[PDB]
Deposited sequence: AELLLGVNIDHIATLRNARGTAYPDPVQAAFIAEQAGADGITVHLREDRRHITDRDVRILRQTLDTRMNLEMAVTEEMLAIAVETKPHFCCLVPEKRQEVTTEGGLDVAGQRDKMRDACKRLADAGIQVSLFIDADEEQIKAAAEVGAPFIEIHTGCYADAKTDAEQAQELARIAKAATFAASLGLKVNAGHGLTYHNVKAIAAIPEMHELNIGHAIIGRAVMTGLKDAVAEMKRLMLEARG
């Protein structure tokens, strides 16, 4: 299968809420992305509705032509919402910045099972850590998403090749356990290739860099450009 590109449109809302108006609208951004090479759309519903709102999730769930990846923390509230919303994907995150699955095997087991019961495919956001990965496999998540943050912030060309290698070994380890593996968070037009080249990678969920390119060149080209780089890497 072709590498997939999930586009996170949270920052479209960031720009909206810096002024209370209705624009720009994440609903429009999603149509653009789904038609410029995005295979999925990701929104992070935060408990403080600061940036994405219940409305966005509500309409988005009716307007998306592909599928939603709802990013949320593991709280009673969010789980409740997710089960009602029935997103195709759910990515659990904290409130290096990865979920501490290994340290909460019960809570995560309960969440995965529950979301799974609502027909939601679950992804645990975690660091390139085999303990955490082993833990995720064990609690029942069909997916994990490796935090590419440290890799993006690689101050030195060395720290980077090092970070890349850790992610790669982590992914291969994740797949041997039967997990499908995503990445994203921090990837840019300049560092996406090494990650896209990792064979075990299933989908890359990228947000900020794309929105940052969009204010300059427009969303359509920004999304197309990212996808193209991704497929260049694989070929």
Deposited sequence positions missing from the model - stretches, numbered from 1, in order: 96-102
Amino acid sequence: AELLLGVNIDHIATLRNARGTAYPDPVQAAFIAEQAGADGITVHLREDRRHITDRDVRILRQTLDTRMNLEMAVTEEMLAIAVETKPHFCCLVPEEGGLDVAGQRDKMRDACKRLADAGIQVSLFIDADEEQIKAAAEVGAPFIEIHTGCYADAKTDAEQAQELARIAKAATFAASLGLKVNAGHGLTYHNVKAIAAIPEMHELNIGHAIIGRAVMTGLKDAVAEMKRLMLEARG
From here on, numbers count along this sequence of modelled residues.
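Rigid core (definition): largest C-alpha set, two forms, superposition within 1.5 Å.
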Higher-deviation segment by CA RMS in 6 other deposited structures of this protein, core fitted, 34-42 or 47-55: 47-55
Stretch departing more from the displayed form, 96-104 or 118-126, Cα RMS in 6 other deposited structures of this protein (core fit): 96-104
141-149 versus 98-106 - greater average Cα B-factor per the deposited record: 98-106
Higher-B stretch (mean Cα B-factor, as the entry records it), 42-50 or 55-63: 42-50
Of the residues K220, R213, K227, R19, the one carrying the largest Cα B-factor as recorded: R19
Cα B factor band for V7 (lowest, middle or highest third within the chain): lowest
Third of the chain's Cα B-factor distribution that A1 belongs to, per the entry: highest
